[PDB]
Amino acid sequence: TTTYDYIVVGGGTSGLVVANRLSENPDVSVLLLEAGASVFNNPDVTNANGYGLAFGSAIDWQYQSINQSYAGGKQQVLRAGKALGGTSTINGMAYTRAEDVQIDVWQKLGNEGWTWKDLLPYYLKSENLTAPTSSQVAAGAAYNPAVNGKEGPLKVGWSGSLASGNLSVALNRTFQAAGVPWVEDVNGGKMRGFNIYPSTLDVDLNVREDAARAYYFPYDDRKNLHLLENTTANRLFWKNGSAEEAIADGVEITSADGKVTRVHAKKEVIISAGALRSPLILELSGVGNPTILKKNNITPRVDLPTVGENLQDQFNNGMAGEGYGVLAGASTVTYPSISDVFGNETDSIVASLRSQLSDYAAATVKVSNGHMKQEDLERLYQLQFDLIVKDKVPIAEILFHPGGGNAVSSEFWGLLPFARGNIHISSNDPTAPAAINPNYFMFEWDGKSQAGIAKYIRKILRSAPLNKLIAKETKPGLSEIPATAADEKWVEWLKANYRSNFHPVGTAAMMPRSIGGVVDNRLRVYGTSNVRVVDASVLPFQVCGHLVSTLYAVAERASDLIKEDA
């Protein structure tokens, strides 16, 4: 009665794709475990304009970091969805992908079959784009038909009430004048430009299109798909046979009544609990760094000491201005390259960055206590440097939002900081909060590029024709940060005001085992026959865009690889 073909741990963004796709075969039983519950009727979730409302609610995990010692010492909340649909139920709904070359880098580092060309069909498979109406087109909405799916479970589109307004027009003009042109679609692998970006939105219903509305509810009549809500997976348990290679037998779970039981998988266990939980589930299962496992009285089943290592996150800051009159229009994204941000000063930045890479690697070696090697980190950091410097991938995302009335706000983040940190269990008790350390601001580039982006936004606000609409900068403003402020003043302000960008990746990184990878190119955990991780943990580097689009694609492709292996 407790045995299924597949168990999917975590009914979130990625997990629901896998469960949907594997359950397409009516002879295959799939169990979805989700710690949260349906949010189908939760108004903080459905509200197309509700971003932020669910923060700190019962559907926000509100994980917390350790003291961020490079960023001024304060702990940071790392938000995540506790709900059927996971973090897709609380996020900002922005749908943007990745630069083609940064996916190509996955195959370059040794992950066979992972390139932009290979992944594109899976972005398409996931997506159902509603074409813009004539009023949305007038507002600046656009897409390239060749790179947007029409039939996928995930509805994508623009707010029915998108309208032309003075702010978005002026932003387009002002960015073009700065050398950054409008692009019709940031989702065809070339992200550089200004764009009126689409959202994970059911345009007809006018509700947020979360992963459960996309991949679960339309298919909940399937008799071979089983869901356990309010059910927490604690750890995997293993078959007791002869092979050195570990074979997962099942998952230990805790139900709502607090009872602890076992469910079993005949084929595979897929862990999709998020970048801040999936590596913990591995550690509690005996897969991880033996020193950490032994300190917590867990016998290692697999010696894989980079479980929870290579944590990479971005950090988010905000600026604001005030108009002479009412400011209106679409929200806009700009993806500037390094030369867009730093202009005729880029060569000095590149030289300084180039000179710092070996030192960044050496610092990062110690973060994992030597479990990533100097040589390996130098090569990984060189790949990131080359994307920034040679391929000119965007180094920032800059959002502008009308704030109602005369307010305009910008939120922005450096896309490719070098800081790596980690996440590890704090005890053998599955309910104990983990030690999460993203190492924000660890490296000079990380903070100084963020300062360069903030300065760029200050310059944009004061540039023509936008400056015809903007009376003053209000945040930070010229009192807090004088026109003559040194870089340190900017960095200090940024450290005082930043938050996590809630973009963590890399804690079960897809890389060859010999360079510190946790999963292979089929997302199988090294040392196991039948355990996979399918969620943001597996991305080996940050991507330029917003995570769900890529996680849906990765989960779509992973589903085919699982099917092939069966």
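Start at 1 with the first residue shown and count on from there.
Chemist: When the other PDB entries of this protein are compared, is residue 243 left blank in at least a third of them?
Modeler: yes, residue 243 frequently unmodelled elsewhere, at least a third of entries.
Chemist: Look up the CA B-factors in the entry and say which stretch, 413-421 or 322-330, has the higher mean.
Modeler: Here the higher of the two C-alpha B-factor means belongs to 322-330.
Chemist: Tell me which of 253-261 and 432-440 has the higher mean C-alpha B-factor in the deposited entry.
Modeler: Result of the comparison: 253-261.
Chemist: Go through 475, 448, 97, 82 one by one and give the residue whose Cα B-factor in the PDB entry is largest.
Modeler: Spelled out: the listed residue with the top C-alpha B-factor is 475.
Chemist: Just grab whichever of 316, 76, 297, 384 has the top CA B-factor as deposited.
Modeler: Top of the list by C-alpha B-factor: 297.
Chemist: In terms of the CA temperature factor given in the entry, to which third of its chain does residue 377 belong: lowest, middle or highest?
Modeler: It belongs to the middle third of the chain when residues are ordered by C-alpha B-factor.
Chemist: Among the modelled residues of this chain, does the Cα B factor of residue 20 put it in the lowest, middle or highest third?
Modeler: Middle third.
Chemist: Residue 562's Cα B-factor: lowest, middle or highest third of the chain?
Modeler: Middle third, going by the recorded CA B-factors of the chain.
Chemist: Name the third of the chain's ranked CA B-factors that contains residue 140, choosing lowest, middle or highest.
Modeler: Answer is lowest: the recorded C-alpha B-factor places it there.
Chemist: Ordered by C-alpha B-factor within the chain, which third holds residue 151? Give me lowest, middle or highest, please.
Modeler: Answer is highest: the recorded C-alpha B-factor places it there.
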